[PDB]
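Pasting model.cif here (mmCIF, C-alpha atoms):
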data_my_file
#
loop_
_atom_site.group_PDB
_atom_site.id
_atom_site.type_symbol
_atom_site.label_atom_id
_atom_site.label_comp_id
_atom_site.auth_asym_id
_atom_site.auth_seq_id
_atom_site.Cartn_x
_atom_site.Cartn_y
_atom_site.Cartn_z
ATOM 1 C CA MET A 1 162.876 235.399 17.557
ATOM 2 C CA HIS A 2 162.001 232.789 20.171
ATOM 3 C CA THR A 3 160.319 230.049 18.110
ATOM 4 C CA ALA A 4 158.410 226.875 19.060
ATOM 5 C CA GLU A 5 160.818 223.957 19.352
ATOM 6 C CA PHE A 6 159.655 220.444 18.560
ATOM 7 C CA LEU A 7 161.852 217.493 19.531
ATOM 8 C CA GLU A 8 162.395 214.564 17.177
ATOM 9 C CA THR A 9 160.062 211.798 18.321
ATOM 10 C CA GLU A 10 159.786 208.025 17.815
ATOM 11 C CA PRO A 11 156.645 206.250 16.568
ATOM 12 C CA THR A 12 153.882 205.919 19.159
ATOM 13 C CA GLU A 13 154.119 202.836 21.375
ATOM 14 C CA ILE A 14 150.814 200.937 21.597
ATOM 15 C CA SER A 15 151.402 200.641 25.378
ATOM 16 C CA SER A 16 151.195 204.454 25.683
ATOM 17 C CA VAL A 17 147.702 204.806 24.164
ATOM 18 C CA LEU A 18 144.877 204.886 26.690
ATOM 19 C CA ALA A 19 142.671 207.464 24.921
ATOM 20 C CA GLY A 20 140.650 204.986 22.848
ATOM 21 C CA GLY A 21 138.876 204.046 26.063
ATOM 22 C CA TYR A 22 137.349 207.373 27.134
ATOM 23 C CA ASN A 23 136.722 209.649 24.164
ATOM 24 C CA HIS A 24 132.858 209.594 24.254
ATOM 25 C CA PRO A 25 130.253 210.269 26.994
ATOM 26 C CA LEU A 26 129.053 206.654 26.977
ATOM 27 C CA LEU A 27 132.636 205.356 27.449
ATOM 28 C CA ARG A 28 133.093 207.449 30.547
ATOM 29 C CA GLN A 29 130.174 205.314 31.866
ATOM 30 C CA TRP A 30 131.671 202.033 30.585
ATOM 31 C CA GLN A 31 134.824 202.932 32.559
ATOM 32 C CA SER A 32 132.933 202.891 35.864
ATOM 33 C CA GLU A 33 133.235 199.667 37.815
ATOM 34 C CA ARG A 34 129.969 200.551 39.605
ATOM 35 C CA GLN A 35 127.157 202.898 38.615
ATOM 36 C CA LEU A 36 125.046 204.882 41.086
ATOM 37 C CA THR A 37 121.437 203.616 41.387
ATOM 38 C CA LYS A 38 118.576 204.656 43.680
ATOM 39 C CA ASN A 39 118.547 201.459 45.742
ATOM 40 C CA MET A 40 122.087 202.146 46.940
ATOM 41 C CA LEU A 41 120.869 205.187 48.847
ATOM 42 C CA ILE A 42 120.231 205.231 52.603
ATOM 43 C CA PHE A 43 118.661 208.351 54.104
ATOM 44 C CA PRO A 44 119.068 209.290 57.793
ATOM 45 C CA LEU A 45 116.013 210.330 59.802
ATOM 46 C CA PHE A 46 116.294 212.196 63.124
ATOM 47 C CA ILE A 47 113.196 211.249 65.118
ATOM 48 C CA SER A 48 112.049 213.593 67.866
ATOM 49 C CA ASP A 49 110.074 212.541 70.940
ATOM 50 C CA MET B 1 106.628 153.709 65.674
ATOM 51 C CA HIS B 2 109.340 155.376 63.607
ATOM 52 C CA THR B 3 109.708 158.791 65.276
ATOM 53 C CA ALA B 4 111.621 161.962 64.328
ATOM 54 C CA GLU B 5 115.120 161.848 65.793
ATOM 55 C CA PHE B 6 116.882 165.054 66.763
ATOM 56 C CA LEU B 7 120.602 164.967 67.553
ATOM 57 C CA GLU B 8 122.051 166.873 70.499
ATOM 58 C CA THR B 9 123.537 170.074 69.103
ATOM 59 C CA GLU B 10 126.047 172.701 70.274
ATOM 60 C CA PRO B 11 125.341 176.451 70.377
ATOM 61 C CA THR B 12 125.408 178.165 66.984
ATOM 62 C CA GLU B 13 128.838 179.366 65.858
ATOM 63 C CA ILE B 14 128.793 182.984 64.639
ATOM 64 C CA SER B 15 130.964 181.864 61.680
ATOM 65 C CA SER B 16 128.104 179.626 60.462
ATOM 66 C CA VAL B 17 125.494 182.407 60.166
ATOM 67 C CA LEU B 18 125.190 183.932 56.709
ATOM 68 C CA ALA B 19 121.397 184.434 56.693
ATOM 69 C CA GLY B 20 121.399 187.949 58.165
ATOM 70 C CA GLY B 21 122.677 189.143 54.803
ATOM 71 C CA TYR B 22 119.889 188.031 52.449
ATOM 72 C CA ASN B 23 116.554 187.789 54.239
ATOM 73 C CA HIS B 24 114.784 190.737 52.473
ATOM 74 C CA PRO B 25 114.228 191.685 48.793
ATOM 75 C CA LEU B 26 116.390 194.805 49.096
ATOM 76 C CA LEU B 27 119.301 192.770 50.557
ATOM 77 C CA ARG B 28 119.294 190.445 47.592
ATOM 78 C CA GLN B 29 120.097 193.667 45.644
ATOM 79 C CA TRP B 30 122.741 194.822 48.157
ATOM 80 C CA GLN B 31 124.439 191.433 47.626
ATOM 81 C CA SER B 32 125.019 192.147 43.930
ATOM 82 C CA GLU B 33 128.470 193.445 43.096
ATOM 83 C CA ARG B 34 127.021 194.981 39.904
ATOM 84 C CA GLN B 35 123.455 195.907 38.996
ATOM 85 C CA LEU B 36 122.025 195.742 35.472
ATOM 86 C CA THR B 37 121.388 199.186 33.908
ATOM 87 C CA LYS B 38 120.236 200.206 30.421
ATOM 88 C CA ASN B 39 123.558 201.714 29.339
ATOM 89 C CA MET B 40 125.260 198.335 29.700
ATOM 90 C CA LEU B 41 123.206 196.975 26.820
ATOM 91 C CA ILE B 42 124.520 196.584 23.265
ATOM 92 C CA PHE B 43 122.059 195.533 20.564
ATOM 93 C CA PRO B 44 123.164 193.817 17.326
ATOM 94 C CA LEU B 45 121.794 195.049 14.000
ATOM 95 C CA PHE B 46 121.974 192.947 10.815
ATOM 96 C CA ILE B 47 122.085 195.427 7.933
ATOM 97 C CA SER B 48 120.965 194.246 4.510
ATOM 98 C CA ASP B 49 122.170 195.694 1.207
#
Structure translated into structure tokens:
Amino acid sequence: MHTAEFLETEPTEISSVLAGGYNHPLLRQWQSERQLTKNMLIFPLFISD
Amino acid sequence: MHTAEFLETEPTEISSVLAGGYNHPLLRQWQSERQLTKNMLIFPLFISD
């Protein structure tokens, strides 16, 4: 039988672990360096004669 | 009479003119690198036993 092979691993390095920063919906907002707001919006108008 | 003295001046240097960036209420918002939103707020709670 082909069976699922698991290699021997070393303890987790703290430097590898990023996941604590984005495991919740609010965190995915915290991770933004700038949030979209209404006043950032500029709407083009094409004015006819 | 003491009168108001005005020194002879040279034409404006373009490098001196910052004012075009903040002469309207919306611009003072444009000039912010980050705007305050509700989700940035964290409120402390002091829980009694």
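The residues returned by the PyMOL selection byres ((chain A) within 10 of (chain B)) for this structure are residues 26, 27, 29, 30, 33, 34, 35, 36, 37, 39 and 40 of chain A.
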Least-squares superpose chain A onto chain B - every C-alpha atom, paired in order - and show me the moved coordinates as a CSV table (one decimal) with C-alpha atoms, keeping the file's coordinate frame.
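Okay, this is what ended up in out_20.csv:
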chain,number,residue,atom,x,y,z
A,1,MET,CA,106.6,153.7,65.7
A,2,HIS,CA,109.3,155.4,63.6
A,3,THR,CA,109.7,158.8,65.3
A,4,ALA,CA,111.6,162.0,64.3
A,5,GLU,CA,115.1,161.8,65.8
A,6,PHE,CA,116.9,165.1,66.8
A,7,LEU,CA,120.6,165.0,67.6
A,8,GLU,CA,122.1,166.9,70.5
A,9,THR,CA,123.5,170.1,69.1
A,10,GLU,CA,126.0,172.7,70.3
A,11,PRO,CA,125.3,176.5,70.4
A,12,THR,CA,125.4,178.2,67.0
A,13,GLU,CA,128.8,179.4,65.9
A,14,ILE,CA,128.8,183.0,64.6
A,15,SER,CA,131.0,181.9,61.7
A,16,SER,CA,128.1,179.6,60.5
A,17,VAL,CA,125.5,182.4,60.2
A,18,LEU,CA,125.2,183.9,56.7
A,19,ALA,CA,121.4,184.4,56.7
A,20,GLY,CA,121.4,187.9,58.2
A,21,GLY,CA,122.7,189.1,54.8
A,22,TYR,CA,119.9,188.0,52.4
A,23,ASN,CA,116.6,187.8,54.2
A,24,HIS,CA,114.8,190.7,52.5
A,25,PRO,CA,114.2,191.7,48.8
A,26,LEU,CA,116.4,194.8,49.1
A,27,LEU,CA,119.3,192.8,50.6
A,28,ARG,CA,119.3,190.4,47.6
A,29,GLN,CA,120.1,193.7,45.6
A,30,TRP,CA,122.7,194.8,48.2
A,31,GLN,CA,124.4,191.4,47.6
A,32,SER,CA,125.0,192.1,43.9
A,33,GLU,CA,128.5,193.4,43.1
A,34,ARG,CA,127.0,195.0,39.9
A,35,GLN,CA,123.5,195.9,39.0
A,36,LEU,CA,122.0,195.7,35.5
A,37,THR,CA,121.4,199.2,33.9
A,38,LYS,CA,120.2,200.2,30.4
A,39,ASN,CA,123.6,201.7,29.3
A,40,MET,CA,125.3,198.3,29.7
A,41,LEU,CA,123.2,197.0,26.8
A,42,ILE,CA,124.5,196.6,23.3
A,43,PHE,CA,122.1,195.5,20.6
A,44,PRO,CA,123.2,193.8,17.3
A,45,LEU,CA,121.8,195.0,14.0
A,46,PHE,CA,122.0,192.9,10.8
A,47,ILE,CA,122.1,195.4,7.9
A,48,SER,CA,121.0,194.2,4.5
A,49,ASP,CA,122.2,195.7,1.2
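Taking atom CA of residue 23 of chain B as the reference point, atom CA of residue 45 of chain A is found at 23.2 Å.
Rounded to one decimal, atom CA of residue 18 of chain A and atom CA of residue 31 of chain A lie 11.8 Å from each other.
For the pair atom CA of residue 47 of chain B and atom CA of residue 20 of chain A, the interatomic distance is 25.7 Å.
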Enclosing box along x, y and z for every listed atom of segment 19-28 of chain B, padded 4 Å each side, centre and size in Å, one decimal, as lines of an AutoDock Vina configuration file:
center_x = 118.5
center_y = 189.6
center_z = 52.9
size_x = 16.4
size_y = 18.4
size_z = 18.6
